[PDB]
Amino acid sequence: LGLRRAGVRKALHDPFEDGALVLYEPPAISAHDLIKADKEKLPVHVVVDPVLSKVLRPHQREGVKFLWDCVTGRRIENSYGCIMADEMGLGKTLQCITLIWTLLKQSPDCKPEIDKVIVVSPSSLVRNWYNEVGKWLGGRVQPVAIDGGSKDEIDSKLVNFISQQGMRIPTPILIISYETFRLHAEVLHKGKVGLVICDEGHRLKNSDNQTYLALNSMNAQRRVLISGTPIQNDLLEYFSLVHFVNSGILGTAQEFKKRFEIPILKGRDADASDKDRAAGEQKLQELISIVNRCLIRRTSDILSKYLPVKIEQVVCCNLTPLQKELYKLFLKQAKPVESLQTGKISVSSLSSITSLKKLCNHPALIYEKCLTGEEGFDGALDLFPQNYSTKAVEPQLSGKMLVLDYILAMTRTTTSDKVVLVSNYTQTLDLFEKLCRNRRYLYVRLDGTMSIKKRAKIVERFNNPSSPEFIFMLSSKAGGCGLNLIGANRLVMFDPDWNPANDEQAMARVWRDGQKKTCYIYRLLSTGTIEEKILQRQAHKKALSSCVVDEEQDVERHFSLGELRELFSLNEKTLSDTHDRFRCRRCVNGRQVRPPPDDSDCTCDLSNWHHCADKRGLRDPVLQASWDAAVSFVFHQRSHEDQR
């Protein structure tokens, strides 16, 4: 377009190019008014930079529209807050960076909305966010990461970030960890930051008084809070969050406490006056409407409309004879059910859970305690095989590790697929590194000590088909914020976290834009073990819509006599405790007699997954070949049908 020029008031990017994403158009004006009006005062289109809009899927176009609407007070007028509550894997970083880049450079009045943004992030994901900026918009913008270093070296970085003048601001995007942010937010007070993005912001429950104070100190007008689950189901745990996001129309913290919080709690009190019960609930409903107004949530099933078929398989693996004997012997000696009860407690039940989880992963992780003769492993060293060591890992000694071994071995000879290995535990990854060396698989491990540059490098090497690396292993805490391992076709989620959002995030590293193959996710669980109980509590949290909890293995006052007993049980007979607990009406004597509902997919309850107790009806030859004594049961499902 030549009707553009250098030195005319115009939208930063042509609002009429084929696939433009127009976030704003100027209001209609009458011909008469237009002619008299001064041309340097007319609103201008806001149009997403083509560099980014060329690359956004439909849902992503909708997301940026939603964000931009919210954050500029066009959705809820007088409020500048937004809760982004998409399922993991729909590219939250891309939508956000698009938001940022739009706000940094454009507004209806034809100048930037904001001058600087702060992204608050888990420590493990800080570097991922930084890389995500580089990946999407190249040399155009320079982000800055702050995460640890000297208390004074951090202060310097922050001071440099804030004291930046007008027009050309070399460092307009800051990414700090929550840890450093909460300890340093005084620097940010009155420092004119336009936007905050609190990532993984569901960790900001009412008791996190540090972060909210720090967040208040900063006082950025427009606020995007990201969360795994929707909030409204468990609203009472999220007053602060709701208020931070919506303070534009909720008023002061004290005003909000007075109108909403105090009445709501007053009515919920076990002796409220019926009139009081009614008043509070009414206020809760008002609050729910506000959250509804400002929250966006899309689920991962919409990816199936342009990605290859994904196949998810939860695999129940039988504990080794050895593992069982250790497990039994631990329970018998530790007596974790009879170690802490009426009053609170969580000291020695945390550690007994911790030990059993290690045990399920591999006895080797438990071996050190057997040498000590520490409480719960007396004479356990006698159970270990005739001749054993540290250096060589023996995958047969563990159910899950065996199946892992099998999958990798089958995958390597049957396909030319690459594999992502995920574990919640460093020491488990250390065993994977040993396995790989012994099996002669080449691999890369995403550390956490890894520099920003080296992090970008190894990912790009891995996604290249020319690369010789077979396995990419990472710890799930690092498996988010746009990390994309598209070169890999299959992913093994080795062990379950208490929070379902964490597993979900890490699993979503492979079935993403640009994937060219059918994907296979594997979740390994040890049959009749705490692991099934973990996957069960995950399900329970998701089922009750919201339910975010970082605490679980910590403060164990939310279980009780019988439910605890269950947590520390061993079922040696079941094919899957998870399945038993369904009381499935679709399976008869190990055969699946009726299929799941027609339109059910990977986003469904395990009760609507395919249940499989014989290696019959699997859609993954690698898994089938891997099914021996080690596998007792498989839940499986798929994104959609390949036919397309």
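Start at 1 with the first residue shown and count on from there.
According to the PDB record, 199-207 carries the higher mean C-alpha B-factor of the two stretches 199-207 and 322-330. Note on 542-550 vs 441-449: mean CA B-factor is higher in 542-550. Placement of the Cα temperature factor of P621 within the chain: middle third of the modelled residues, per the deposited record. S600 sits in the highest third of its chain by CA B factor, as recorded in the PDB entry.
When the modelled residues of the chain are ordered by C-alpha B-factor, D301 sits in the lowest third. Sorting the modelled residues of the chain by their CA temperature factor places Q637 in the lowest third.
In this PDB entry, the Cα temperature factor of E374 sits in the top third of its chain's modelled residues, the highest group.
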